[PDB]
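A single chain comes next, written as structure tokens; it is the form deposited in one PDB entry.
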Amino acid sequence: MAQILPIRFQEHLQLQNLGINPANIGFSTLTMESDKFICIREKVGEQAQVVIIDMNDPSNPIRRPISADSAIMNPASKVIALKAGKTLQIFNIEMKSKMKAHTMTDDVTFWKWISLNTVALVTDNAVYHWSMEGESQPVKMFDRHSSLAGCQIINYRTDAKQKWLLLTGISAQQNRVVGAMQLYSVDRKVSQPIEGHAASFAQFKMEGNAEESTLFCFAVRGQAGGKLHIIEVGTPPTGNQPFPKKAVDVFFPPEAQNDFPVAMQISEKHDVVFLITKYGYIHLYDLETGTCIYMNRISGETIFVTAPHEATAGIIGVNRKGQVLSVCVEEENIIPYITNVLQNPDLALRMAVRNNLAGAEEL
């Protein structure tokens, strides 16, 4: 019989079936800020357009003319952010109304929604946050560290309280793709350059602690190999024991000498880290210990964008073919998998009780 798997795959959609041209399925033209929408910039005739796919009604996409170089949908609402060099505009689509506009000093080269109501803007020189509340304008958070100069910016994220900020770029150095991160502390107003490829923050409440710890998790393929780090940022909430830092290996098989991490999402429902590699591997790690639960190759196709999958507290992504795919914990299998296949009853029992999962009645 087929081995039980600790994760479940699910294909949601094939974008080519909605008549999206594969030429436009890629990092610069297709954005997925949340699991609620996908926006694709396309040129049909001489007219530039955006295609907005509502994931609750995906067979009826809307197409609208644009003149923007980038389009990103709010994570929760049909509110779109558009830009053209320095010119930023926010529209409420259903109201057909321009909510907000701003012209920056410098071109915005990367931007992303970091919350329901705040957009982060990256220029060649700095990072700003722009709240949609009231008449708020963009506020500069920090100046970019020289170690990200010349990098392609691929991600920006924050902790839940927006006190720890993380900018990630990549470049080619000595024939490998090297990740450069800038971690910034809002409270200290200090940056630290870190070599890393993909990361996420997470809230985690250690047994015995009254308050959640804020954890920084990142994966890197360095010169000396793959590593995953899980570390508390900042002084522990008063009362708390500190979270002991974890550093574990990230395996790459000998035939994947050029692979590296591209995406990370953390389930706080299951306290697991999902890591996806450039050339299509999925890894699952326990957030508490860093133990590797599972690795498999989804396929040969690069998954270039991901988001949290809210329904399953998993990860949803798009690959270059336009397959929209999710991975989540298989709640009925994960505990017996850990016990029987990994032969790790210790981890199995902990996860069973920690995350209220069945299966540890036996081992």
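In this text, residue numbers run from 1 along the sequence as written. Here the rigid core means the biggest group of C-alpha atoms that line up within 1.5 Å when the two forms are laid on top of each other.
Comparing 287 to 295 with 130 to 138 in 8 other deposited structures of this protein, after superposition on the rigid core, the stretch with the greater RMS C-alpha deviation is 130 to 138. Between 127 to 135 and 164 to 172, it is 127 to 135 that carries the larger average Cα temperature factor according to the deposited entry. In this entry, the higher average B-factor at the C-alpha atoms falls on 220 to 228, of the pair 153 to 161 and 220 to 228.
Per the deposited record, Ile303 carries the highest C-alpha B-factor of all listed residues (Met32, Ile303, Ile40, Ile315).
Sorting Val329, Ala307, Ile62, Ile338 by the CA temperature factor given in the entry leaves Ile62 at the top. Among all modelled residues in this chain, the alpha-carbon of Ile282 has a temperature factor (C-alpha) in the middle third. For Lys246, the recorded CA temperature factor ranks within the lowest third of the chain's modelled residues.
In the PDB entry, a CA B factor belonging to the middle third of its chain's modelled residues is recorded for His145. In the deposited entry, the Cα temperature factor of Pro261 sits in the bottom third of values across the chain's modelled residues. When the CA B factors of the chain's modelled residues are split into thirds, the value for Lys189 lands in the middle one.
Below: the form solved in complex with a partner chain, not depicted.
Heavy atoms within 4.5 Å of the partner chain in the deposited complex map, among the stretches 165 to 173, 283 to 291, 135 to 143, 114 to 122, onto 165 to 173 alone.
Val262 is the sole member of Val262, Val108, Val250, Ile266 with a non-hydrogen atom within 4.5 Å of the partner chain in the deposited complex. Only one of the listed residues (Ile154, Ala149, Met104, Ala160) places a non-hydrogen atom within 4.5 angstroms of the partner chain in the deposited complex, and that residue is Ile154. Remark: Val177 counts among the residues lining the partner chain in the deposited complex, judged by a heavy atom distance of 4.5 Å or less. For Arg320, a non-hydrogen atom is located within 4.5 Å of the partner chain in the deposited complex, even though that partner is not displayed. None of the heavy atoms of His129 is located within 4.5 Å of the partner chain in the deposited complex. Among heavy atoms of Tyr337, none comes within 4.5 Å of the partner chain in the deposited complex.
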